[PDB]
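One structure below.
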Amino acid sequence: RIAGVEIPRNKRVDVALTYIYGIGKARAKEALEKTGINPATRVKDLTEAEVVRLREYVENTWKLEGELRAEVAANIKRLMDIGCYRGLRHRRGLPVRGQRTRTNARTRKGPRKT
Amino acid sequence: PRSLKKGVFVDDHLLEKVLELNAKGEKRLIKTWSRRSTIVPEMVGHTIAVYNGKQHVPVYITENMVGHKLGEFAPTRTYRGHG
Amino acid sequence: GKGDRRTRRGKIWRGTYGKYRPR
Amino acid sequence: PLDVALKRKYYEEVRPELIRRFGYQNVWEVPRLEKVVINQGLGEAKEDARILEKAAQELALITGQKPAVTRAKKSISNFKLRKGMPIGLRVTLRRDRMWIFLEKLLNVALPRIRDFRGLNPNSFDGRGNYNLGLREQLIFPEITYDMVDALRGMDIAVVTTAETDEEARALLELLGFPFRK
Amino acid sequence: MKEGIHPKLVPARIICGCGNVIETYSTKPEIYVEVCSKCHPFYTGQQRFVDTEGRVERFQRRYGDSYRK
RNA sequence: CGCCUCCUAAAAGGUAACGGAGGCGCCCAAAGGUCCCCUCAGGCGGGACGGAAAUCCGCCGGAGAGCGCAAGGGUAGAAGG
RNA sequence: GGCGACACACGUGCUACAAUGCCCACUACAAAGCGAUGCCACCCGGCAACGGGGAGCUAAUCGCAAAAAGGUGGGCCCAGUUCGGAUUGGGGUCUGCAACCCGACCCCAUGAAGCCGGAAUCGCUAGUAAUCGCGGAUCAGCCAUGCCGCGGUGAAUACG
RNA sequence: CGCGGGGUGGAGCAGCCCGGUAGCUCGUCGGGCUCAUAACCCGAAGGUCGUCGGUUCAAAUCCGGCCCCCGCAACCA
RNA sequence: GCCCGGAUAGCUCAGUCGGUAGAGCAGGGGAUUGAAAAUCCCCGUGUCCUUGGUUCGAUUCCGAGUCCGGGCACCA
Ligand SMILES: [Zn+2]
């Protein structure tokens, strides 16, 4: 379908685009504009010339699914290499952005270990 | 982050020392109390014992640490787990 | 929800303005 | 037999090419594509979903040829599989279906591979035999995302008359196999 | 070939995401694809398709060198 | 305590001991008959999941596999599939 | 530098797990305070944060400042969702001498748990609960969901 | 060492016969209730099931050897 | 070997002399309770062991078989 995945036909293209990893409401709200595509049309409600327009466009606008995940892990990979404090947090798998490490770090630490 | 409208803050005396050893070539391992500065591309190839609160921790400056603060690579806290 | 910066309501509860809460 | 334009490429380009690069003193010395083995080590219908004829359905759609069943060569405890037990499909793609499937493979499947950085330039048997793996089967144009129900990749055994991996990867290279490195 | 087991191929109309037609022999007469070799990145110089920077790090020292010295 | 295999057991057979080892008290309606077809173990290397070992492929293998169950004998130029 | 750690455990809060909802746009309706190196109208640039200008205000008159929920229309159509925003990557604005530990805010992307929660347990009897938003103190900044107040809507129930 | 039996999570025990998955009580930990403790409640975790070899695709679960324990017997003089 | 007994809700067992598969036990939930509880309210779930035949229909009735249990013997 599109760059990495398929959009849900019964859903409008707006949320469908955002289903692409590497695309939120913003780029979803924009690529339809640069491709002049009506967002209200469901994914099943999409013509080929529209999609190929949008497909080639968005696929040529931003790295979305795989290439994006490359740099993401890459950015954290390169962090872990230099040994920055941030890299320390990742290599420790602890809250990287100054969160209160003592409590409420389950999102970074997962299950509890009492 | 520091506003790019504002200059890249770097502790001048430490920065100046780096520019000094540049003329004098890579040598004179620099102890620094100046955790807060950002590494400058000149600083690459140098080394600094960055002060960690009690100690000056030696850090070799590579290009992978240019756009960062000095103190980042000096972990001010020592953690080892529990038990 | 109220904790979403991207939501206008979030900036409302945040009491700020961004791309999604004009002034 | 029918026509397959890629095989045509092999005769027209690949044959004179390898004759050039290598100077085979007899045309039966240039490498050739023996067959393409398609394996799927399912390991799922061994106990449950015993009619995985959806699998042979997909393989038939991909090759126009219903594959063979590979059964339990002997029971295993660690793997919940006793002997005499279907664990995998397999087919022997040959001349027509061989060159056809290869044409579809280079032309469609590889470009549809996710983050396809190319093929392993080292996945060689040594005997001028290349292998690889898949993490799904919906890569092919025959298979639509609707019809596909569960990703089952595979391993594909491209066999070649050549003896060395050098002449082999020479051959496939001439065929334009996108090598990753 | 066991005559009646093998799903029969036909002249296959392949259509790329670029609409690039690659006619071959497949079980379905015409089939669309989101990509061809003539459009896949790995064949077209990779194009970078989003980012040709190629390891922006380290610098890329924009807003740098403005030090007073 | 009956029968099977081995050593005891001295290159025929047989050959004792409360001698050294183990098995059997069934099973297969196919594990039988015939015709036809195939050849293993194992190792390497490559191969999505997938491993040490699933299935695949190529490479080397005389039998070291298998042959319903103890051992022995027999055995792929098949008794094995 | 630490008071910000962090396998853990408890208290107190906020946000939620959705359609009596969520998002968008327009349209309303307050109170109470604050403000001269401060509110900053308004204008421009900027996706925005914000920055460049810039009047008035020296306070019922200038501004903060829009109340929000509410109402209209639109979308979503039960979906881990246009729910959820946690985390994280990156790019920025501002303050600050300096935001690595250790600030906030903007933008992009990421989109965690969570489907109303065991044992247990809390508050509330009226403009109360509940819910919505607004101001001030400290403060350059803000780690404020806190605190103190202010107002909008606005309940059920009390046999005993 | 003769014969029978047994040796499962921290404790006691169960699953062995029939090899496919080991459960109960107590106990541990966390929380709850209490002014605190006990009791009680919610919740969770927690087992080469003696050793070593063979059987088996696979062994606590089959077989053998070993160790420990228990029991019975160790006589006719 | 002979005789007879039942195969029913997760269980126990009802079961038509053919119109319906049900009582309670277990399960869950609701109220319930300080815990324990009990209680209470409501849902739980079946080829009526299989085959057949009959009659409009058969859980029923029945022929067979199996399991199933017991007894009654006999053992060269
Ligand atoms: Zn194309």
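Chains as they are written, first to last, in full-length UniProt numbering: chain A, 3 to 116; chain B, 2 to 84; chain C, 2 to 24; chain D, 2 to 182; chain E, 1 to 69.
Using N, Cα and C, we set each Cβ at its ideal position, and we do this for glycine too.
Any chance the CB of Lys105/D is under 7 Å from a heavy atom of ligand 1?
no
Under 8 Å, Cβ to Cβ, is there at least one residue of chain D near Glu73/A?
no
Do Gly127/D and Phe180/D come within 8 Å of each other at the CB atom, strictly closer than that value?
no
Which residues of chain A have a Cβ atom closer than 9 Å to the Cβ of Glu23/E, listed in chain order?
Within 9 Å Cβ-Cβ: nothing; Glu23/E doesn't reach chain A, min ~19 Å.
Which runs of the beta strand (DSSP E) at least 3 residues long sit entirely within the region 110 to 152 of chain D? Give them in chain order.
131 to 135
Looking at the structure shown, is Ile62/B part of a helix, part of a strand, or coil, going by DSSP?
coil
May I ask you to report which of helix, strand or coil DSSP gives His83/B?
coil
Verify the contact flag: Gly17/E, CB atom, against every heavy atom of ligand 1, threshold strictly below 7 Å.
yes
Cβ-heavy atom distance between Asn108/D and ligand 1 below 7 Å?
no
Is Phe49/E close to chain D? Criterion is C-beta to C-beta, closer than 8 Å.
no
If you follow the beta strand (DSSP E) that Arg91/D is part of, which residue opens it and which one closes it?
For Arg91/D, the uninterrupted beta strand (DSSP E) segment begins and ends at 89 to 94.
If I measure Cβ to Cβ from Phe125/D and keep anything under 6 Å in the same chain, skipping five residues before and after, which residues do I get?
Non-local beta-carbon contacts of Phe125/D in its own chain, meaning distances under 6 Å to residues more than five positions away in sequence, involve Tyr131, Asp166 in chain order.
For the region 4 to 18 of chain E, enumerate the residues whose C-beta is nearer than 7 Å to any C-beta of chain D, in chain order.
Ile5, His6, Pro7, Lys8, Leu9, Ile14
Just list the beta strand (DSSP E) runs in the region 40 to 108 of chain D, keeping only unbroken ones of 3 residues or longer that don't cross its boundaries, in chain order.
69 to 71, 89 to 94
Check whether the Cβ of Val35/E sits closer than 7 Å to any heavy atom of ligand 1, and report yes or no.
yes
Closer than 7 Å: is that where the CB of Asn20/E sits relative to any heavy atom of ligand 1?
yes
Does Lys81/D have its Cβ less than 8 Å from a Cβ in chain E?
No, its Cβ sits nowhere closer than 8 Å to a Cβ of chain E.
Going by beta-carbon coordinates alone, are residue 121/A and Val60/A separated by less than 8 Å?
Any property of residue 121/A remains undetermined from this structure, which presents chain A solely from 3 to 116.
Are the CB atoms of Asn108/D and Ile22/E nearer to each other than 8 Å?
yes
Cβ of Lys38/E within 7 Å of any heavy atom in ligand 1?
yes
Can you round the beta-carbon distance between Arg115/D and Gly68/A to whole angstroms, since I take them to be within the 8 Å contact cut?
6 Å
Does any C-beta atom of chain E lie closer than 8 Å to the C-beta of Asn65/B?
yes
Between which two residues does the beta strand (DSSP E) harbouring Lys32/B extend?
31 to 33
Between which two residues does the alpha helix (DSSP H) carrying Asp13/B extend?
13 to 24
Can you pull the chain E neighbours of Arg80/A, defined as C-beta to C-beta under 8 Å?
By Cβ distance, chain E contributes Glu57.
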